[PDB]
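J.: Here it is, the structure in full.
Nothing in this text is a laboratory measurement; each read-out follows from the coordinates by a stated rule. As a convention, Cβ positions derive from the backbone with ideal geometry for all residues, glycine included, and neighbour counts pool all protein chains shown.
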Amino acid sequence: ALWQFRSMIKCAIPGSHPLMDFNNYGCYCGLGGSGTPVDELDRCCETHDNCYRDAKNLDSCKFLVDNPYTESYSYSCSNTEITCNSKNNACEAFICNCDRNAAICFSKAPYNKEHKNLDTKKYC
Ligand SMILES: [Ca+2]
């Protein structure tokens, strides 16, 4: 889940908006835009999309509804660091593995908070 990994992304970042620091950042980060990224940090957003989708196809989840942003979450947060769920099949826990390894790209990565806000011309 996206709104549900977001609440813990704004603990991951000491922080404020879990996206919008990302929605408009390079090309897209997390939410918005289309194509390919800019940063190492923006690469976990090319793939929080490429391993975010596949919940639709899944070994455990293959029907109608869950396509871009929805399945998981039942978490925590410490310093900055959380957990993910407390239930699991792949349906929730596979989607949770790309969400939390994106809270690890998104709290930390080879970060740059620098090309925020962008335009998608120079940027994408
Ligand atoms: Ca994105």
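J.: Can you confirm whether residue 72 is among the small types (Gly, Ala, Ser) and surrounded by fewer than 16 Cβ atoms within 10 Å (Cβ to Cβ)?
T.: Numbers: among the small types (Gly, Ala, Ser): yes; surrounded by fewer than 16 Cβ atoms within 10 Å (Cβ to Cβ): no.
No, not satisfied.
J.: Additional query: Which of the numbered conditions does residue 114 fail, given that it passes all the others? Conditions: (1) more than 18 Å from residue 2 (Cα to Cα); (2) surrounded by 15 or more Cβ atoms within 10 Å (Cβ to Cβ); (3) of a type outside the set (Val, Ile, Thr); (4) away from the ligand (no atom under 15 Å from the Cβ).
T.: (2)
Residue-wise test of (1) small (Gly, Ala, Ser); (2) within 17 Å of the chain's Cα centre (by Cα); (3) surrounded by fewer than 19 Cβ atoms within 10 Å (Cβ to Cβ).
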site	(1), (2), (3)
84	no, yes, no
88	no, no, yes
92	no, yes, no
97	no, yes, yes
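J.: Filter region 8-48 down to the residues that are near the ligand (Cβ under 10 Å from one of its atoms), surrounded by fewer than 20 Cβ atoms within 10 Å (Cβ to Cβ) and under 18 Å from residue 99 (Cβ atoms) and list them by number.
T.: Within region 8-48, 19, 23, 31, 32, 46, 47 meet the criteria.
J.: Sort out which residues of region 84-115 are out of contact with any helix residue (DSSP H, G or I) (no Cβ under 8 Å at 6 or more places or on another chain) and of a type in the set (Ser, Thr, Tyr), and write them in order of number.
T.: 86
To keep it simple, each residue is scored yes or no on (1) under 21 Å from residue 11 (Cα atoms); (2) without any contact (Cβ under 8 Å) to a residue 12 or more places away in the chain.
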| site | (1), (2) |
| --- | --- |
| 35 | no, no |
| 41 | yes, no |
| 47 | no, no |
| 51 | no, no |
| 68 | no, no |
| 77 | yes, no |
| 88 | no, yes |
| 94 | no, no |
| 113 | yes, no |
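J.: Of everything in region 48-99, what is touching a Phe, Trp or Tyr at 6+ places or on another chain (Cβ under 7 Å) and charged (D, E, K, R)? Give them in sequence order.
T.: Of everything in region 48-99, just one residue is touching a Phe, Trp or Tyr at 6+ places or on another chain (Cβ under 7 Å) and charged (D, E, K, R), namely 99.
J.: Ok, one more. Contact list please: Cβ distance under 7 Å, first residue in region 9-23 and closer than 11 Å to residue 107 by Cβ, second residue basic (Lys, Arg) and part of a loop (DSSP other than H, G, I, E, B), pairs at least six apart or on different chains.
T.: The qualifying pairs do not exist here.
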